[PDB]
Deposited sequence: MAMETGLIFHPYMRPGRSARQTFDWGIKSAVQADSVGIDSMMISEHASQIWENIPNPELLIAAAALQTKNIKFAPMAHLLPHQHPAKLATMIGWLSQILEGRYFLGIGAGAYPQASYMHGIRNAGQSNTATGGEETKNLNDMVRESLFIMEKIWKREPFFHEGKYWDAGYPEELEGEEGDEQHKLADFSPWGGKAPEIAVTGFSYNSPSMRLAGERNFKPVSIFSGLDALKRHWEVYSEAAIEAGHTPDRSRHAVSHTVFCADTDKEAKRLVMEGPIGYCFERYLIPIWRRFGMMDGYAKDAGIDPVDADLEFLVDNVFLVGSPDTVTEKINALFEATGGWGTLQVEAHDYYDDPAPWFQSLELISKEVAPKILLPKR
């Protein structure tokens, strides 16, 4: 029932080249596809070192004809940063190339440095990024329908022309596969996530970043309530939840490999300090009954990360399902194993083939 997914930020070690990063992305897509992973989400960042993909569509396109079954999604295209017509056209064309193995993450962008680059001062505090998202979506949906219009917006002018006065002289068809909008997704983190409400209101796919039991429950509560009120039927099998996940033959090996390898390195060098600064471990702290100040690597490995043998990880997931109601896709956060992929590819294969099929049905 539960699918396995990859989310590729990618947390490349500072100093990796663009070609190395791109090669690791393609290799990751091909391997994930080969072990039955259902989706690969690729994030977008123009200002960050570790999250060093500014154009997830380039990777998706390079992996498209090298894979069979896996579905790709930008997670997310930052709508305030591009002309909606240009973006809508690219999405539809890529969706066509993939024969529908595609869905669309949309976002405002959480990094003011990148907002600034794209002409939006004071994104942290004028232009409103959320209004820009709404206007872009309004324009893109119309372009995908291939119904003519011209729109003079607050943020952009855009349109879709009427045919001029042989099939070869009609307008190109860059509508997404099947001629309909792709499925749209949005991520959420905070406890009362406005993204989850938007998602529910518009029947988008919710993607939650695991921050603790209370938030995971609250996300679904907010989502479904918004869905119901908007007249949609909430479907928990749509819900994707992003986790650190690592599987090996034993609990001991699993833990050692995380502690001493790429995952532990990224967390100690980069993620733990950010998470500390921004209070992103308060949910985990609450769940385990500790002070956030004492949330270190080994705490996360023992209490938060889905780490261990296939049986252990299966248990941990099933325990979360009983506590929170569950989810449709386990979205595994990718790490920089480009130097020595074997233990990481073995983990993914275990998660996908041995863990995921044994998970309980999610709460309706």
| item | value |
| --- | --- |
| Deposited-sequence ranges lacking C-alpha coordinates, in sequence order | 1, 127-135, 176-179 |
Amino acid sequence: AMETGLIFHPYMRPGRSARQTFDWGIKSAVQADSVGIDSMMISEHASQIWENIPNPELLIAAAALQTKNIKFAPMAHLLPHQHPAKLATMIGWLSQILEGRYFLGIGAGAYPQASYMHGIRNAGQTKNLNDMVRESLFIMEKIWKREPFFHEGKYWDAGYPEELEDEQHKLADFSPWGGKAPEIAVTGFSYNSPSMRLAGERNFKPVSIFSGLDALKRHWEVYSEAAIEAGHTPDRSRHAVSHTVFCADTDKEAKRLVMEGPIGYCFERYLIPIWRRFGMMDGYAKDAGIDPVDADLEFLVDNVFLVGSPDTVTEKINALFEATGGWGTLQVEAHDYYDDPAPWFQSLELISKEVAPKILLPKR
From here on, numbers count along this sequence of modelled residues.
query	finding
Stretch exceeding the other in mean C-alpha B-factor - 246-254, 98-106	246-254
Between the two ranges 129-137 and 185-193, the one averaging a larger CA B factor in the entry	185-193
Candidate set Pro80, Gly153, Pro292, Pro74 [ranked by C-alpha B-factor, highest]	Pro292
From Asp336, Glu315, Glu44, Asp33, residue of greatest CA B-factor	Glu315
B-factor third for the C-alpha atom of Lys353 within its chain	highest
Where the record places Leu171 (Cα B-factor, split into thirds across the chain)	middle
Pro56 - Cα temperature factor, lowest/middle/highest third of chain	lowest
CA B-factor placement of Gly200, once the chain's modelled residues are sorted into thirds	middle
Ranked C-alpha temperature factor of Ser208 among modelled chain residues, by third	middle
